[PDB]
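Counting starts at 1 for both ligands and their atoms, following the listed order. We count residues from 1, following the sequence as given.
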Amino acid sequence: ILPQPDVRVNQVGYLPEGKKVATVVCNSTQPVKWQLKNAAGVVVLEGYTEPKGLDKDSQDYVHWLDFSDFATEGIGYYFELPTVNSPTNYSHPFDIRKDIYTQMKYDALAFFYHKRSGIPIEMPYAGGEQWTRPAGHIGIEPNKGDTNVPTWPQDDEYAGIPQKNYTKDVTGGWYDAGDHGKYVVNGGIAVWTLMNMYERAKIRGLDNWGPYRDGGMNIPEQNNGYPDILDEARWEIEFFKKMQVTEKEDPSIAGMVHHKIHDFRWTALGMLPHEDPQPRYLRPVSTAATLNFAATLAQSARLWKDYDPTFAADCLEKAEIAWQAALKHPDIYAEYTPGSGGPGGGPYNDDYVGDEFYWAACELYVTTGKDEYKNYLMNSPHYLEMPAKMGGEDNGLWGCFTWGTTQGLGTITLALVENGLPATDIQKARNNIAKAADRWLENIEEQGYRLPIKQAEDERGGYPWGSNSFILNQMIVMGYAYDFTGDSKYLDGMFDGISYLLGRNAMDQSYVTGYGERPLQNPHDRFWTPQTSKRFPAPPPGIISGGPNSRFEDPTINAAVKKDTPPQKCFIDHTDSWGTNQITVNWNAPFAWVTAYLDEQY
Ligand SMILES: OC[C@H]1O[C@@H](O[C@H]2[C@H](O)[C@@H](O)[C@H](O[C@H]3[C@H](O)[C@@H](O)[C@H](O[C@H]4[C@H](O)[C@@H](O)[C@@H](O)O[C@@H]4CO)O[C@@H]3CO)O[C@@H]2CO)[C@H](O)[C@@H](O)[C@@H]1O
Ligand SMILES: [Ca+2]
Ligand SMILES: [Ca+2]
């Protein structure tokens, strides 16, 4: 077992240039001496600590150890505190080189090939023989799904609103997380995040770099003429298309998009996609899913126009058919359902879709330039909006957006792409984004472990489900700020956010698989779960954990830690802790956006 260094640092390392502040565990409030040592032991730098006191989220007495000035490349740098009488008066070995996120950006996007449904996971692409597996859900027993998935049984206690009895082929798409579900909601932001990082590379001019080019990713679409990152994105878009309801299926709601499709009931950990024996069904349909659809398909329409005109055009034509249907049924909300004992997939419920509408409008406007999308876009409560603090479940949480609080996603599209909105408004939008980043930049300075989020305002406070993802989305908006201003403070903010995710935290935990001295090793996943049975393999690298969640929303974290544990410590790296150690598409997408960004800024 690993001791836990008194000096918390990024367990992998730092880019030679930029803000660098470790966090020490020192009740000894009074500047204590430190000293950066190279692998050999020689003190290549030194100074004193900065007493910050009792940190509210971690219940730790801490000091900051700013060493931003230092920028000398090398392997094995480890801090120390000669005066301190602690058996752990130090930091894990780390690096200061240019290629910290060079490989990590690919690993992160590889997560999406791995979670692909309806296709075999084969060698080269898998990165290892042990991650190979049969296609998941292609109608071959024991699977009972996706080629002919019927609508949810009506007599079911959680059947949701009534549906007609029919079947669809909804093969393909990505698995959401540790489960075998496929959700349009949550899938929407995930896929928007990959296409957006691409569009950003294009407009800036580096779309001919890394994963943005044909042959940039170790996926089967390596040299098919299209940009690799979009091939992945299209995999999910192809699945969205199949989820849209047709005239022959149900006239009352044609053009609308089924909320999600998954197992009738929950299966246990320790299973591969093709082994899932559960009956498979289609959830009801929801304005939000219809709008995520309209939005990502519009975005897809303008990005694929140069490569595959036929595909790009059908995307747009479907996006509009969905936007239109959403106006006629603007208030069908996916309702809540238990997390255990009920439907075999998460609910992703939301009773507010104004933002979604705003989002779809922003994407449709920039793509079609039509008046109707412009009039909505502008006369909206969310016009040019960009939260720093949201506010159903997201109210008072801290962060710019989530799978359910979508305004902001659209706003980013307005602040980065063509469109003929008064150049004046575009300016506000870009300012709001920088404002938003400033607030978070503050949170970091008042935070002991320099993380951009503070506990929730929802009175219960603490860190929410998948907190880490909030830090991630924040880093994206920050990233744009450094684009619109050039003020390296926004970049240093990112440097703090990611440092937290990689080890400078109250758990001395690297929430990313395959990275750090204490890497994330037991995510809640049905395939990569060594703890369930040695039969299954440790997971691939570059996948991030949801992190701390002080709502004790799973048995394991309930039995593993006291009832009063500090929010930033409410975590356990155990495959059973689904509320604290799970992996998803809406978390690895933003984690990828961010790792890519940090690799270019270098
Ligand atoms: O508060 C809502 C929260 O949802 C987050 O998304 C969740 C998604 O909604 C949920 O479907 C899934 O978490 C699943 C987990 O994958 C699944 O394996 C597990 O199933 C258990 C079962 O409950 C047990 O009874 C027993 O049978 O074992 C199985 C397998 O271990 O159930 C959980 C949910 O109950 O993952 C998504 C990602 O976290 C949103 O991200 C968040 O923002 C929302 O607040
Ligand atoms: Ca390609
Ligand atoms: Ca919403």
>> Check this for me, if you would: do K260 and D176 make a salt bridge, where the nitrogen-to-carboxylate-oxygen distance has to be below 4.0 angstrom?
In response: no

>> Considering non-hydrogen atoms of the protein only, which is the closest contact for atom 26 (C) of ligand 1, and what is the distance?
In response: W578 CZ3, 4.5 Å

>> If we set the cut-off at 4.0 Å for heavy atoms, which region of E393 has an atom near ligand 1: side chain, backbone, both, or neither?
In response: side chain

> Does the side chain of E356 come under 3.5 Å of the side chain of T406 through a donor N or O and an acceptor N or O?
Replying inline: yes

> Of the backbone and side-chain N, O or S atoms of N224, does one lie nearer to the Ca ion (ligand 2) than 3.0 Å?
Replying inline: yes

> What is the O(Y352)-the Ca ion (ligand 3)-O(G404) angle, to the nearest 10 degrees?
Replying inline: 150°

> What residue and atom, counting heavy atoms only, is the protein's closest point to atom 40 (C) of ligand 1, and at what distance?
Replying inline: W403 NE1, 3.6 Å

> Nearest protein heavy atom to atom 9 (O) of ligand 1, by residue and atom, and its distance?
Replying inline: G346 CA, 3.4 Å

>> Under a 4.0 angstrom heavy-atom cut-off, which atoms of ligand 1 come close to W587?
In response: 39 (O), 41 (O)

> Mind checking whether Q568 and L451 have side chains closer than 4.5 Å, heavy atoms only?
Replying inline: yes

>> Quiz question: by atom type and distance under 3.5 Å, do the side chains of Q582 and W465 form a donor-acceptor pair?
In response: no

>> Do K115 and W528 form a cation-pi contact, if we require the NZ or CZ to be under 6.0 Å from the six-membered ring centre and within 45 degrees of the ring's axis?
In response: yes

> For atom 37 (C) of ligand 1, which protein heavy atom lies nearest, and how many Å away is it?
Replying inline: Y348 OH, 3.6 Å

>> Whether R551 and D458 form a salt bridge (side-chain N of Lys/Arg under 4.0 Å from carboxylate O of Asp/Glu) is what I want to check.
In response: yes

>> For N/O/S atoms only: which one belongs to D350 and is nearest the Ca ion (ligand 3)?
In response: OD2

> Going by an N to O cut-off under 4.0 Å, is there a salt bridge joining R526 and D276?
Replying inline: no

>> With rounding to 10 degrees, what does the angle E356:OE1 / the Ca ion (ligand 3) / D355:OD1 come to?
In response: 60°

> Among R265, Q582, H262, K260, whose heavy atom sits nearest atom 16 (O) of ligand 1?
Replying inline: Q582

> For ligand 1, is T267 a contact, meaning one of its heavy atoms is under 4.0 Å away?
Replying inline: yes

> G339 heavy atoms, cut-off 4.0 Å: which ligand 1 atoms fall inside?
Replying inline: 23 (O), 32 (O), 34 (C), 35 (O)

>> Below 4.0 Å from ligand 1: does a non-hydrogen atom of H524 turn up there or not?
In response: yes

> Where's the contact between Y183 and ligand 1, heavy-atom distance under 4.0 Å: side chain, backbone, both or neither?
Replying inline: side chain

>> Among the N, O or S atoms of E221, which one sits nearest to the Ca ion (ligand 2)?
In response: O

> Rounded to 10°, how big is the angle at the Ca ion (ligand 2) from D228 OD1 to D214 OD1?
Replying inline: 80°

> Do any N/O/S atoms of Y226 come under 3.0 Å of the Ca ion (ligand 2)?
Replying inline: yes

>> Check whether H574 reaches the backbone of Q531 with its side chain - one donor and one acceptor, N or O, closer than 3.5 Å.
In response: no

>> Tell me whether the rings of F293 and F240 are parallel (<30°), tilted (30 to 60°) or perpendicular (>60°).
In response: parallel

> Roughly how far, to the nearest 0.5 Å, is CH2 of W235 from OH of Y113?
Replying inline: 8.5 Å

> Going by the atom numbers of ligand 1, which of them fall below 4.0 Å from some non-hydrogen atom of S340?
Replying inline: 23 (O), 25 (O)

>> Can you confirm whether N588 sits close enough to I544 that some side-chain heavy atom of one is under 4.5 Å from a side-chain heavy atom of the other?
In response: yes

>> Please name the atom of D231, limited to N, O or S, that comes nearest to the Ca ion (ligand 2).
In response: OD2

>> Just by distance, no angles: are the side chains of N186 and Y348 close enough, under 3.5 Å, to form a donor-acceptor pair?
In response: yes

> Salt-bridged, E363 to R302, with N to O below 4.0 Å?
Replying inline: yes

> Which residue supplies the protein heavy atom nearest to atom 1 (O) of ligand 1, what is that atom called, and how far is it?
Replying inline: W465 CE3, 3.9 Å

> Does a side-chain N-to-carboxylate-O contact under 4.0 Å join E600 and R200?
Replying inline: yes

> What atoms of ligand 1 come within less than 4.0 Å of a heavy atom belonging to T584?
Replying inline: 38 (C)

> Just distances here: any N/O of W266 and N/O of ligand 1 closer than 3.5 Å?
Replying inline: no

> Closest non-hydrogen protein atom to atom 18 (O) of ligand 1, residue and atom name please, with distance?
Replying inline: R526 NH2, 2.3 Å

> Quick one: which of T556, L269, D263 has a heavy atom closest to atom 30 (C) of ligand 1?
Replying inline: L269

> Given side chains that start at C-beta, do those of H180 and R280 come closer than 4.5 Å, heavy atoms only?
Replying inline: yes

> Within 4.0 Å of atom 11 (O) of ligand 1 (strictly less), any protein heavy atom?
Replying inline: yes

